[PDB]
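**Student:** Protein chains in written order, with the entry's author numbering: chain A, 1 to 250; chain J, 1 to 195; chain F, 2 to 244; chain D, 1 to 117, 125 to 242; chain C, 1 to 240; chain E, 3 to 233; chain f, 2 to 5; chain B, 1 to 244; chain K, 1 to 212.
What follows is the structure, encoded as structure tokens:
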């Protein structure tokens, strides 16, 4: 018994390709389109909620996840792989940072920790890489707003705006035309909904679209008062109603 | 073990170390050298618990000699003292700590300066113009406070050291059978045979 | 293909060919049966007499677990012994902690989870035995049959080995003809007959009959071997039925 | 590929059988047991004339009463010798006596099969273990990587083994003197050696109750080689 | 831990991973050892396809194990560092317990013992390295030159070469080196070493490294100009 | 074919080829015979030599004062299994002041051999054993196979041409079982049995190995001039 | 235990 | 068992090569070119970003050039993720040395330890090697300015000017052509850019596709300063040399 | 116990008493307190009887393995340091041993190493170890010269044990003499204090404190 697979399942081919990373990226390509746009005063991350069955309650399945009060994540590819990465990403934010410095990690460092976990699945014994690309939007006091992509390889790049998965090629071309460095958060949400409509085929409403922002502090969402320095989370998931309001003025 | 002195002067460090090895009511030896050469320009004198003293001194000596071979380069007296302190700092929170107190007298070839470091068994490092360990300090420190000058020659340093040994031979209860004196300078380490 | 070369590998069908191959080793083995009765269970097994040099009554195949459970198996005999050794450890640790002797359904899953565990990894081989076992607990009599896959069910009658189809056909008749129930002493005599009838599929070598039983009335809820007068009585009953 | 501890259809361990092929490629080693002592002799076989032949150590002391000659991948023998020496000294510490030659050999042969997936492969070296004890007197043992050991009156191992063993079959009798055995090893080595036999490419040793295990000097062996040639020309 | 038996026997009785480790040595730059009457000299080839190198900081081909022993090699450079480090640690460990520096034979025997261990340890490949270990035993003036190879066999050599075109320079040394009369002086020993490398090297510029070891921890590496003088002298005598 | 790479793989017909190949190593091994009465149990072993210069491989091992076996196949594996039996016999003595039953001895060997046939990396034992012993229930003879199958018999034989001795004992069963309180006559029957497995070679003084255990007889091995009586 |  | 699926990452070819090291080098040969040029009064690190997208955030990006301590930097060629694992190890090794000896780690010691880690992955563990080549640019008070490279084999060598990644053959010929020993930093900056400009697979070399860094003694009196160039600073240096 | 070893022109002289005690109880007067490690190596025993006996016996095994591995007799320094490094591992455990490692080698010459159980290892020309070390020192030091003859040195070593055997309650039995030369150690017999005292008293005219 015991894990006898103590050797790499990801190795270099004669051509210099890492097969299992390339095949993991192929799995991301097949995955549903998700995108992220960075504004001057916030970030937006959005994705289609591809319902497995109309009987399934797509509210229970959260493609957009809170990692810290000021950081959110969305993906394209294999949902299960994403779910365990969010669990590990949330815990590593505490163990390797908050329990040491008494404050949440900045976006780039949490991204770096997630990248490290995905890199280890690329080299460790008896494991395949993660079959997901992550878009991690976040804010911190000293870096401000930031958006990062994380690939199965463990490589991460910062983006002004980008898309990943099914119709990423067309979605990226669309964002290039619309994106400027003077975009307000509301303008970025508007573009995010326009870009996502191209890739979405069936229904396009607040129940089939999952969209969250990294914006202003939300004291109402904090849950307590009395500490002036604690002003609440910048991560906010837009409600099914809040999306439909913006789809009328589209 | 008992008496180990150190005097940093202008161009050299001088280490005096008592020759007596006593156990019970018997002086077993009267010619013991309580020092190891760590590198050509670094000397360490030691005093404390029986066995621990030599075992610690030789262990340090081996590590510094290994570094010298690997890098084909001599570690600075500051670097060696920092290494030795960390080993004692580890030791004190071990199951059985090294009960060894050391003086590291070295000549930094890059700075062209003599350096004397006083490190106790807790890992308490200090750079001094003159140092001592055990009861010796209670006599020598006040004496050196008075007579020591920073610009003294090696010969003046040896006369200042003779004044210390004379005071210790007069007022110390135990017979420590004189001292072995060694000089660390730009030309390396050499022993004064007549003291 | 090559899906059958490694244990714990799904074929495109959704099958573990290595477990199905272990079943072939069970089908090859000698016939063993279990008969659930009124207030207990009866176990019987075919022992092929390879040679005159085999000492009669001194190659016992039926094994006891704790003091109240009986186990018999067909296929790779050593694999069966390994499974019983595990069963005895499981039953000991259960009694140690919970004081009460291990219930049969509880015991059945302890074997079931263990055999199933040997279909989860390519570093282990599935068990080459179907195990017929059971006994008497606080809730009454229980008979079980456990297969290489880890699959087990409760049974009225169970059969495995080379003469399983012959034994099953004979077991199905008893279930039909005795709906109210079969008595412990009756089941012992029927067990003998069914082994003798199931021996027709293994008739080159002549055999030696071995029977055990747990019964709340007859054995006081403890596992005992059928020996001496009661055994010879059952053999004579079986000899009369084949002729 | 395939398992290291796999059986062939014929019922042999592949890796043990392949290690035996490696030992056949090895330099010749001959042992002869008499009532006056056991003689061990080896072909040195220097790969180049620049190699200092006296550094070729293919005969080795285990204890004062046990010697050892090797053939095959001789690097593999170092850990086997180390174990044998420790076993011999450790037994003396526990029991205040010399250890039986058979008990020593059995201790070495226990390493042999401690391989698989312990070390990664069998040993690629056979040992001739010669010694004396008070119980069974003078003894010669052949220790294989199979974990088996036979006692021999005489035994050859290496490239010229089958030819040398046939020769040892005819020549050996139970009344051989130590001097006769010395010449016989030199004679049979010269027959199976590629290059011509001399004191630099061949080494002799012996174990006697009185003087214990002794590797012969190149001077001593040279006189025995000269004695051998004269005796063959003399009829 | 990774357990796989990588070094195993083949039907013909060969351990291919050990034999393929020798091929890595055969690929490696030529290294030659020649021991005289009162000295040993270690010559080393440095391939000239690498210009814009920094020879100050680039790892030197000859390494000091102790103040009295040196180790040159042919084969994988990365592998050599692991053997050198272990040898240097064992050198200090020996001084600490025996209160005496290692003999060249003992240091060789250790390095050879490490190389052997990797040929029948699970999860490891053999060292793609053959070593020339040279020096003088404590309070001894008899020169020592030893060779090790991936298999773990070691032996003493009057003169020996390893690496690429080593068979050509061994051919040279075999006819040019007299056992009865080794190079009597340092100059003679260095010249014979340079001559042997000039059969193979190409140019005698920054392609040849020479290190001279003498009794009582007296080791010195020759500079470009010092070596270039031997190259200039040999070529003028050749034209005859 | 494709299913003989290791012991963890079943064949399509439900065979373990590595166990069958280990069984094959016994057939290649030298013949050894086991037989018992009610008072004594006897091992007779034909020892094999490499050549005329070599010794004869010792086939019989003592486990306790009341138990021991003979081997056929890989002798080092027999040493491992015999050593394990010595420990289990010894454990029974020290802890329970109790001589280990020959039946339990068999059960312990069976369970030890089995674990090697179900786990990756390991290999089956490449040796068959004939265990004789005298315990609280009289004389016993066991046949161990490295598949794990242990069988209690009146008499048997394992090794090359063992079928000859096994056929003889099957005929002689009624005679030799009643040789009670007569060691020498039970050995003669064992020596006559192993003779049926001989081809071209005959039983010599350093060739034949006999062991015996019984009621007032500790397990004792006879070699050399001690077995000259029975040729 | 003894001493010397 | 699992033997069936083992690639055997740490074995020799019949020719005596390490398959996985050779294939990892083939991987690095497709990575963006990284150049290190060592002058008498500083070191230049230049690196070409892999085919950039117009929507990539250029200013808050770090792909090629990383800081190990205040005196040492590296240029990366290969898998960025693999490089970051080794960089974090190198950064810790540097602080371990400082803690022990109260002195900044000599460049070669840091390079040797990082190279010794890579070597381990080629000899034992049965894991794939790190698909990374480093150019180490650093300063210490023993050897002064030093360039090194390490590769997946765990072999490291010292250089005056060196390239890693794509078109090293072409890049090394151009450096070997125009380099000289008495070169200044400002000259080395120009050479680095001119080399990339010719060996680039792109149409024209622009500021947004470049990472640039210098290790000068250009601070105030006998102390070293690391300068990781900002986008606007690369744009200025690219116009100043007259490439755009 | 009383053991002494001193270095002189003729080589090394080793004298030990033969008594072992448990409290005030005299357990034995016939104990070998010198172990013969090899022809050129001697070991002296003081403190715990078991500790000294066991570990000095063990040392002899380590010295044998050295000459098998290195084809050369172990140095007195290396032999002493194996024992001193061993007891140092057990430091604080309550091992009680006071030992002298005495031998000749080519590279060293005649050498004595004092090794005790708190890890002290000292090279020296004179050592006395035991409860009566002071009594031995008194006679040895006051009569010692480097130019003593082999005959005089043997007597002084014997007389120094007798001196301690007399005054020290926990020393006595008999005197065991050894002489270490370049050719190895030579045993110079067992001398019962019962007879030796009266023989010395009469011949020497010493021990005037005692009723003659």
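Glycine is no exception: its CB is placed at the ideal position from the N, C-alpha and C atoms.
Using a Cβ-Cβ cutoff of less than 6 Å, which residues in the same chain neighbour residue 64/F once the five nearest sequence positions on both sides are dropped?
**Tutor:** Position 63 of the third chain, counted from the first residue, corresponds to residue 64/F. Contacts found: 72, 85.
**Student:** Using a Cβ-Cβ cutoff of less than 7 Å, which residues in the same chain neighbour residue 27/A once the five nearest sequence positions on both sides are dropped?
**Tutor:** Taking the first residue of the first chain as 1, we reach residue 27/A at position 27. 77, 78, 131, listed in sequence order.
**Student:** Can you give me the C-alpha to C-alpha distance between residue 66/C and residue 93/C, rounded to a whole angstrom?
**Tutor:** As a working note, residue 66/C is residue 66 in the fifth chain. As a working note, residue 93/C is residue 93 in the fifth chain. The alpha-carbon atoms of residue 66/C and residue 93/C are separated by roughly 11 Å.
**Student:** Interface residues of chain E around residue 128/D at Cβ under 8 Å?
**Tutor:** Residue 128/D sits at position 121 when you count from the first residue of the fourth chain. Going along chain E, no residue has its Cβ under 8 Å from residue 128/D, so there is no contact; the nearest lies around 14 Å.
**Student:** Helix, strand or coil for residue 30/B per DSSP?
**Tutor:** The residue given as residue 30/B occupies position 30 in the eighth chain. Reduced to three states, the DSSP call for residue 30/B is coil.
**Student:** Quick one: give me the first and last residue of the alpha helix (DSSP H) that residue 190/J is part of.
**Tutor:** Taking the second chain and counting its residues from 1, the one referred to as residue 190/J is at position 190. That residue, residue 190/J, is in no alpha helix (DSSP H); its beta strand (DSSP E) goes 188 to 192.
**Student:** With DSSP collapsed to three states, give me the class of residue 218/C.
**Tutor:** For this step, residue 218/C is matched to residue 218 along the fifth chain. Residue 218/C falls in the strand class under three-state DSSP.
**Student:** Helix or strand or just coil, what does DSSP make of residue 135/E?
**Tutor:** As a position in the sixth chain, residue 135/E is number 133, starting the count at 1. Strand.
**Student:** The beta strand (DSSP E) that contains residue 97/J, what's its start and end?
**Tutor:** By 1-based counting over the second chain, the position of residue 97/J is 97. Segment: none, residue 97/J is in no beta strand (DSSP E) and carries neither H nor E.
**Student:** Taking the beta carbon of residue 141/D as the centre, do at least 16 other beta carbons fall within 10 Å, making it buried, or is it exposed?
**Tutor:** Walking along the fourth chain from the start, residue 141/D turns up at place 134. By the 10 Å Cβ count, residue 141/D comes out exposed.
**Student:** Residue 7/F versus chain B: which residues are under 8 Å apart at the beta carbon?
**Tutor:** Here residue 7/F refers to the residue found at position 6 when the third chain is read from its first residue. Per Cβ cutoff of 8 Å: 4.
**Student:** Put residue 226/A into one of helix, strand or coil per three-state DSSP.
**Tutor:** One-based indexing of the first chain puts residue 226/A at position 226. Residue 226/A falls in the coil class under three-state DSSP.
**Student:** Buried or exposed: residue 133/F, going by 16 or more other Cβ atoms within 10 Å of its Cβ?
**Tutor:** Position 132 of the third chain, counting from 1, holds the residue named residue 133/F. Counting Cβ neighbours within 10 Å, residue 133/F comes out buried, since at least 16 surround it.
**Student:** Would you tell me roughly how many angstroms separate the C-alpha atoms of residue 15/A and residue 133/B, rounded to the nearest one?
**Tutor:** Sequence index remark: in the first chain, residue 15/A carries index 15 (1-based). Sequence index remark: in the eighth chain, residue 133/B carries index 133 (1-based). Residue 15/A and residue 133/B: Cα-Cα distance of roughly 17 Å.
**Student:** So which residues on chain F does residue 1/B lean against when the C-beta distance must stay under 7 Å?
**Tutor:** For the purposes of this step, residue 1/B is identified with residue 1 of the eighth chain, where counting begins at 1. Result: 123, 124.
**Student:** Can a CB atom of chain G be found closer than 9 Å to the CB of residue 24/C?
**Tutor:** Looking for chain G here will not work: the only protein chains present are A, J, F, D, C, E, f, B and K.
**Student:** Measuring straight from C-alpha to C-alpha, what distance separates residue 96/C and residue 77/K?
**Tutor:** Residue mapping note: residue 96/C aligns to position 96 of the fifth chain, counting from 1. Residue mapping note: residue 77/K aligns to position 77 of the ninth chain, counting from 1. Cα to Cα, the separation comes out at about 11 Å.
**Student:** May I ask you to report which of helix, strand or coil DSSP gives residue 50/F?
**Tutor:** The residue you call residue 50/F lines up with position 49 of the third chain. Reduced to three states, the DSSP call for residue 50/F is coil.
**Student:** In the DSSP assignment, what residue or residues form a beta bridge with residue 145/B?
**Tutor:** To locate residue 145/B, count along the eighth chain from 1; it is residue 145. 139/B, per the DSSP bridge assignment.
**Student:** Since residue 213/D sits in a beta bridge, which residues does DSSP pair it with?
**Tutor:** Counting from one through the fourth chain, the residue named residue 213/D turns up at place 206. DSSP lists 39/D, 221/D as partners of residue 213/D.
**Student:** Hey, residue 164/D and residue 66/D are a contact pair by Cβ (cut 8 Å); roughly how many whole angstroms apart?
**Tutor:** Walking along the fourth chain from the start, residue 164/D turns up at place 157. Walking along the fourth chain from the start, residue 66/D turns up at place 66. The Cβ separation is near 18 Å, so there is no contact.
**Student:** In this structure, how does DSSP classify residue 123/A when only helix, strand and coil are distinguished?
**Tutor:** Here residue 123/A refers to the residue found at position 123 of the first chain. Correct three-state label for residue 123/A: coil.
**Student:** Name, please, each residue of chain C whose Cβ falls closer than 9 Å to the Cβ of residue 78/D.
**Tutor:** Reading the fourth chain from its first residue, position 78 is the one you call residue 78/D. Ordered by position in chain C, the residues that pass the 9 Å Cβ test against residue 78/D are 109, 112, 113, 116, 152.
**Student:** For residue 18/J, which residues does DSSP report across the bridge?
**Tutor:** Numbered from its first residue, the second chain carries residue 18/J at position 18. According to DSSP, residue 18/J bridges with 179/J.
**Student:** Express the C-alpha separation of residue 163/J and residue 174/J in angstroms, rounding to a whole number.
**Tutor:** Counting from 1 along the second chain, the entry for residue 174/J is found at position 174. Counting from 1 along the second chain, the entry for residue 163/J is found at position 163. Between residue 174/J and residue 163/J, the C-alpha separation is close to 18 Å.
**Student:** Which residues in chain B sit within 7 Å of residue 83/J, going by Cβ to Cβ distance?
**Tutor:** For the purposes of this step, residue 83/J is taken as the residue at position 83 of the second chain. Within chain B, the residues near residue 83/J are 100, 101.
**Student:** Closer than 9 Å, CB to CB, is residue 70/J near chain C or not?
**Tutor:** Taking the first residue of the second chain as 1, we reach residue 70/J at position 70. Interface residue, yes.
**Student:** Mark residue 214/K as exposed unless 16 or more other C-beta atoms lie within 10 angstroms of its C-beta, in which case mark it buried.
**Tutor:** Lying outside 1 to 212, the shown extent of chain K, residue 214/K is not represented and no answer is given.
**Student:** Could you check whether the stretch 141 to 158 of chain E touches the stretch 171 to 191 of chain E, counting it as contact only if at least three pairs of C-beta atoms, one from each stretch, sit closer than 8 Å?
**Tutor:** As far as the Cβ criterion goes, the stretch 141 to 158 of chain E touches the stretch 171 to 191 of chain E, which means the pair count is three or higher.
**Student:** Who are the Cβ neighbours of residue 82/K in its own chain at under 7 Å, not counting the five residues just before and after it?
**Tutor:** Numbered from its first residue, the ninth chain carries residue 82/K at position 82. Once the five neighbours on either side are set aside, the close Cβ partners of residue 82/K are 59, 62.
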